[PDB]
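First comes one chain, alone, set out as C-alpha coordinates in the form deposited in one PDB entry.
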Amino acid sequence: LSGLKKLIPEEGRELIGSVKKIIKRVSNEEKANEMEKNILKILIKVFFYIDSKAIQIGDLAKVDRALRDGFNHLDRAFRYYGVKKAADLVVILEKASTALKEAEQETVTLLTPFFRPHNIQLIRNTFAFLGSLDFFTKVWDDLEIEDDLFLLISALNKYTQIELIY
(Lines give C-alpha, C1' and ligand atoms only; values in the text may rest on other atoms or scores of the structure.)
Protein backbone atom coordinates (compact mmCIF):
# COMPACT_ATOMS: atom_id res chain seq x y z
CA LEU A 1 0.00 0.00 0.00
CA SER A 2 3.09 2.24 0.14
CA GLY A 3 3.22 3.24 -3.52
CA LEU A 4 -0.52 3.78 -3.86
CA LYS A 5 -0.33 6.18 -0.91
CA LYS A 6 2.64 8.08 -2.31
CA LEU A 7 0.61 8.56 -5.52
CA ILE A 8 -1.95 10.74 -3.70
CA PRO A 9 -1.12 13.86 -1.65
CA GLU A 10 -1.49 14.43 2.08
CA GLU A 11 -4.98 15.93 1.61
CA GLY A 12 -6.37 12.78 0.01
CA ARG A 13 -4.60 10.51 2.49
CA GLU A 14 -6.23 12.46 5.33
CA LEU A 15 -9.66 12.11 3.72
CA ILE A 16 -9.16 8.36 3.32
CA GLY A 17 -7.91 8.14 6.90
CA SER A 18 -11.10 9.76 8.20
CA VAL A 19 -13.28 7.44 6.11
CA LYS A 20 -11.27 4.42 7.28
CA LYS A 21 -11.65 5.29 10.96
CA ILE A 22 -15.42 5.67 10.55
CA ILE A 23 -15.60 2.32 8.73
CA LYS A 24 -13.63 0.71 11.56
CA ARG A 25 -16.16 2.07 14.05
CA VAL A 26 -19.22 0.86 12.12
CA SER A 27 -18.00 -2.59 11.01
CA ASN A 28 -14.55 -4.13 11.54
CA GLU A 29 -10.85 -3.73 10.81
CA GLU A 30 -10.91 -6.24 7.94
CA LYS A 31 -13.62 -4.33 6.07
CA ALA A 32 -11.83 -1.05 6.83
CA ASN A 33 -8.53 -2.33 5.42
CA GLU A 34 -10.28 -3.76 2.36
CA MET A 35 -12.16 -0.52 1.71
CA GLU A 36 -9.00 1.58 2.14
CA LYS A 37 -7.14 -0.60 -0.37
CA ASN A 38 -10.12 -0.51 -2.75
CA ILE A 39 -10.48 3.28 -2.61
CA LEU A 40 -6.76 3.70 -3.25
CA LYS A 41 -6.82 1.21 -6.14
CA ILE A 42 -9.79 2.82 -7.90
CA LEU A 43 -8.42 6.34 -7.41
CA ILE A 44 -4.92 5.42 -8.60
CA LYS A 45 -6.34 3.80 -11.74
CA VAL A 46 -8.61 6.74 -12.61
CA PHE A 47 -5.77 9.22 -12.11
CA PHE A 48 -3.48 6.96 -14.15
CA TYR A 49 -5.72 6.92 -17.22
CA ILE A 50 -6.47 10.62 -16.90
CA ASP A 51 -2.72 11.34 -16.90
CA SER A 52 -2.01 8.97 -19.79
CA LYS A 53 -4.91 10.71 -21.62
CA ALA A 54 -6.75 7.41 -22.13
CA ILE A 55 -9.57 9.23 -20.30
CA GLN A 56 -10.43 12.82 -21.15
CA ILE A 57 -11.30 15.31 -18.42
CA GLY A 58 -14.75 15.82 -19.93
CA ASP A 59 -15.52 12.12 -19.49
CA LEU A 60 -15.02 12.65 -15.75
CA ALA A 61 -17.86 15.20 -15.57
CA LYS A 62 -20.58 12.63 -14.84
CA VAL A 63 -18.67 11.20 -11.88
CA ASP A 64 -17.59 14.64 -10.66
CA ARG A 65 -21.11 16.06 -10.51
CA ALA A 66 -22.47 12.90 -8.89
CA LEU A 67 -19.78 12.91 -6.21
CA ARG A 68 -20.36 16.57 -5.46
CA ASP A 69 -24.10 15.97 -5.19
CA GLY A 70 -23.37 13.18 -2.73
CA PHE A 71 -20.99 15.33 -0.72
CA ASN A 72 -23.49 18.17 -0.67
CA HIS A 73 -26.29 16.02 0.70
CA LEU A 74 -24.01 14.59 3.36
CA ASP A 75 -23.12 18.17 4.28
CA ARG A 76 -26.83 18.98 4.53
CA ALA A 77 -27.44 15.99 6.76
CA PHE A 78 -24.36 16.78 8.81
CA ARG A 79 -25.97 20.11 9.70
CA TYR A 80 -28.36 18.04 11.83
CA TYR A 81 -25.77 15.59 13.16
CA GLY A 82 -26.19 15.56 16.93
CA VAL A 83 -29.53 17.41 17.00
CA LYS A 84 -31.75 15.01 15.00
CA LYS A 85 -31.92 11.23 14.85
CA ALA A 86 -30.98 9.46 11.63
CA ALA A 87 -34.59 8.38 11.05
CA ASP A 88 -35.55 12.06 10.81
CA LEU A 89 -32.82 12.59 8.17
CA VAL A 90 -33.42 9.70 5.75
CA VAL A 91 -34.92 12.05 3.15
CA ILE A 92 -31.54 13.80 2.99
CA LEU A 93 -29.33 10.76 3.46
CA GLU A 94 -31.21 8.79 0.81
CA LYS A 95 -30.37 11.49 -1.72
CA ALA A 96 -26.71 11.20 -0.76
CA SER A 97 -26.94 7.45 -1.26
CA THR A 98 -28.67 7.87 -4.60
CA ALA A 99 -26.06 10.38 -5.72
CA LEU A 100 -23.28 7.97 -4.87
CA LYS A 101 -25.08 5.21 -6.78
CA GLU A 102 -24.90 7.48 -9.82
CA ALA A 103 -21.18 7.98 -9.20
CA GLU A 104 -20.83 4.21 -8.88
CA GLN A 105 -22.43 3.57 -12.25
CA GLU A 106 -20.41 6.24 -13.99
CA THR A 107 -17.17 5.08 -12.44
CA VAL A 108 -17.98 1.59 -13.73
CA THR A 109 -18.57 3.05 -17.17
CA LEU A 110 -15.33 5.00 -16.91
CA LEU A 111 -13.21 1.98 -16.01
CA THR A 112 -14.78 -0.81 -18.06
CA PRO A 113 -12.15 -0.52 -20.87
CA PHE A 114 -9.35 -0.90 -18.27
CA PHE A 115 -10.59 -3.08 -15.37
CA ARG A 116 -11.10 -6.84 -15.38
CA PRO A 117 -14.68 -7.85 -14.47
CA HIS A 118 -13.57 -8.75 -10.93
CA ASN A 119 -12.30 -5.20 -10.42
CA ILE A 120 -15.51 -3.75 -11.86
CA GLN A 121 -17.29 -5.79 -9.19
CA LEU A 122 -14.77 -4.28 -6.77
CA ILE A 123 -15.97 -0.82 -7.83
CA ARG A 124 -19.58 -1.90 -7.25
CA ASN A 125 -18.92 -3.37 -3.79
CA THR A 126 -16.84 -0.39 -2.67
CA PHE A 127 -19.38 2.24 -3.75
CA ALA A 128 -22.23 0.10 -2.43
CA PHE A 129 -20.67 0.03 1.03
CA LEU A 130 -19.47 3.65 1.13
CA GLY A 131 -22.74 4.92 -0.34
CA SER A 132 -25.05 2.65 1.65
CA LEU A 133 -27.99 4.31 3.39
CA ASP A 134 -27.48 1.75 6.18
CA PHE A 135 -23.89 2.99 6.58
CA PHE A 136 -25.11 6.59 6.77
CA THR A 137 -27.89 5.92 9.30
CA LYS A 138 -25.53 3.90 11.51
CA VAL A 139 -22.97 6.72 11.32
CA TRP A 140 -25.50 9.43 12.16
CA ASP A 141 -26.93 7.54 15.16
CA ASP A 142 -24.24 5.30 16.68
CA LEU A 143 -20.92 7.17 16.44
CA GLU A 144 -19.15 8.93 19.26
CA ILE A 145 -18.05 12.53 18.80
CA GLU A 146 -14.46 11.22 18.97
CA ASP A 147 -15.05 9.27 15.73
CA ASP A 148 -14.56 12.55 13.84
CA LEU A 149 -17.32 12.54 11.26
CA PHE A 150 -16.75 16.31 11.52
CA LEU A 151 -13.28 16.03 9.99
CA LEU A 152 -14.57 14.03 7.03
CA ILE A 153 -17.63 16.15 6.26
CA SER A 154 -15.78 19.42 6.88
CA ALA A 155 -13.12 18.28 4.42
CA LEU A 156 -15.70 17.11 1.85
CA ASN A 157 -17.98 20.16 1.86
CA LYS A 158 -15.22 22.47 0.62
CA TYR A 159 -15.34 20.71 -2.77
CA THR A 160 -19.06 20.78 -3.60
CA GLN A 161 -19.00 23.91 -5.80
CA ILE A 162 -15.79 23.35 -7.81
CA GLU A 163 -14.93 20.53 -10.21
CA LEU A 164 -13.07 17.80 -8.35
CA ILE A 165 -10.65 17.08 -11.22
CA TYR A 166 -9.71 19.67 -13.84
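The term rigid core refers to the maximal set of C-alpha atoms that superpose within 1.5 Å between the two forms. Start at 1 and count along the sequence shown; that's the residue number.
The same protein has a further form, the form deposited in another entry, not shown here; the description that follows concerns it.
Taking the rigid core as the reference frame, is the Cα of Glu144 displaced by 2 Å or more between the shown form and the other one? After core superposition, the displacement of the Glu144 C-alpha between the shown form and the other one stays below 2 Å, so no.
Versus the form shown, are the CA atoms of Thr137 and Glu146 closer or farther apart in the other entry, given a shift of 3 angstroms or more? Compared with this form, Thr137 and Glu146 lie closer in the other entry.
Answer with closer or farther for the CA-CA spacing of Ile23 and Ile145 in the other entry compared to the shown form; it moves by 3 Å or more. Closer together, which means the C-alphas of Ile23 and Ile145 are at least 3 Å nearer in the other entry.
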